[PDB]
Amino acid sequence: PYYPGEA
Amino acid sequence: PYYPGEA
Amino acid sequence: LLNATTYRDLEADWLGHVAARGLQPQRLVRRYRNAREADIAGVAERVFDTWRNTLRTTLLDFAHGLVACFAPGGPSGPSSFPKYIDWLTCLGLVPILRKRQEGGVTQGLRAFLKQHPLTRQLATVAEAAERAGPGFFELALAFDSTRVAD
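Here the protein sequences line up with chains S, E and A, keeping their order. Start counting the first sequence at 449; every next residue gets the next number (the UniProt record's numbering). Start counting the second sequence at 449; every next residue gets the next number (the UniProt record's numbering). Start counting the third sequence at 77; every next residue gets the next number (the UniProt record's numbering).
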């Protein structure tokens, strides 16, 4: 998955 | 079992 | 410290806890063999609540461990705050002196981080500490380098 604030 | 904060 | 964490490692750790207990959903439902969904849901909720509380206290302990390194430098030694305030109250000026070097705070950070066991114990904490470490070292250098004149 993915997330807006993750590096 | 295992726990996140035990020795 | 909190911002450094990531979802994937946290989910992996939760799954590892469940596997270590062996309390997976399929096995538990096969064990009870009843359709009282509310009871099993409450049991699972309480299991997760236990895990969440343990994680909370563990992270609080580590966080307090980190803070102690910096705190003593603020009130006394290089960059003392009351000296700054009385400088302001007397003149409005604040003479400062600077040299780049590594001192007590950086040594404390170096000793504390490399020894701590929570890095081994939890992958999430390992990655979070690895990410937050460099910023802590830069901030410690900032603490150590500057001095407010007498």
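Beta carbons: idealized from backbone N, C-alpha and C, even for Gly.
Go ahead and pull the three-state DSSP assignment for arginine 174 of chain A.
The residue labelled residue 174 of chain A in the question sits at position 98 within the third sequence. Of the three classes helix, strand and coil, the one that applies to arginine 174 of chain A here is strand, per DSSP.
Supposed contact pair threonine 222 of chain A and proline 154 of chain A - C-beta distance, whole angstroms, cut 8 Å
In the third sequence, the residue the question calls residue 154 of chain A occupies position 78. In the third sequence, the residue the question calls residue 222 of chain A occupies position 146. The C-beta separation of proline 154 of chain A from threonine 222 of chain A comes to about 6 Å, placing the pair in contact by the 8 Å criterion.
Quick one: does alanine 96 of chain A have its CB under 9 Å from some CB of chain E?
Residue 96 of chain A sits at position 20 when you count from the first residue of the third sequence. Yes, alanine 96 of chain A lies at the interface with chain E (some Cβ there is under 9 Å from its Cβ).
Enclosing alpha helix (DSSP H) for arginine 97 of chain A [first to last residue]
Counting from 1 along the third sequence, the entry for residue 97 of chain A is found at position 21. Its alpha helix (DSSP H) spans residues 83-97.
Residues near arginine 196 of chain A in its chain [Cβ-Cβ closer than 8 Å; skip 5 each side]
On the third sequence, residue 196 of chain A is found 120 positions in, with the first residue counted as 1. Excluding positions up to five away in sequence, the list reads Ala202.
For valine 224 of chain A, which beta-bridge partners are listed by DSSP?
Here residue 224 of chain A is taken as the residue at index 148 of the third sequence, counted from 1. DSSP output for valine 224 of chain A lists A:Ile172 as bridge partner(s).
Residue range of the alpha helix (DSSP H) that includes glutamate 454 of chain S:
Position 6 of the first sequence holds residue 454 of chain S. No alpha helix (DSSP H) holds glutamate 454 of chain S; DSSP gives it neither H nor E.
Could you check the C-alpha separation between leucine 135 of chain A and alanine 117 of chain A for me, to the nearest Å?
Numbered from 1 along the third sequence, position 59 holds the residue referred to as residue 135 of chain A. Numbered from 1 along the third sequence, position 41 holds the residue referred to as residue 117 of chain A. Each residue's alpha carbon lies about 27 Å from the other.
What would DSSP say about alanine 204 of chain A, mapped onto helix, strand or coil?
One-based indexing of the third sequence puts residue 204 of chain A at position 128. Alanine 204 of chain A falls in the helix class under three-state DSSP.
Which residues, taken in chain order from the stretch 100-134 of chain A, show a beta carbon closer than 9 Å to some beta carbon of chain S?
From the stretch 100-134 of chain A, no residue has a Cβ closer than 9 Å to chain S.
Is there a C-beta anywhere in chain A that falls below 9 Å from the one on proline 452 of chain S?
Position 4 of the first sequence, counting from 1, holds the residue named residue 452 of chain S. So, not an interface residue.
Quick check: the Cα distance between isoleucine 172 of chain A and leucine 215 of chain A, rounded to an integer number of angstroms?
Along the third sequence, read from residue 1 onward, the residue named residue 172 of chain A stands at position 96. Along the third sequence, read from residue 1 onward, the residue named residue 215 of chain A stands at position 139. Taking the straight line from one Cα to the other gives about 18 Å.
Inspect the beta-carbon positions of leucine 189 of chain A and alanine 205 of chain A and report whether they are closer than 9 Å.
Within the third sequence, the letter at position 113 stands for residue 189 of chain A. Within the third sequence, the letter at position 129 stands for residue 205 of chain A. Yes; because the gap between Cβ atoms is below 9 Å, this pair is in contact.
Any chain S beta carbon closer than 9 Å to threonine 200 of chain A:
The count along the third sequence starts at 1 and reaches residue 200 of chain A at position 124. Taking CB atoms only, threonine 200 of chain A has no neighbour in chain S less than 9 Å away.
Can you list the residues of chain S that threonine 82 of chain A reaches, using a CB-CB cut of under 9 Å?
Translated into the one-based positions of the third sequence, residue 82 of chain A becomes position 6. The contacting residues are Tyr451, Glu454, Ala455.
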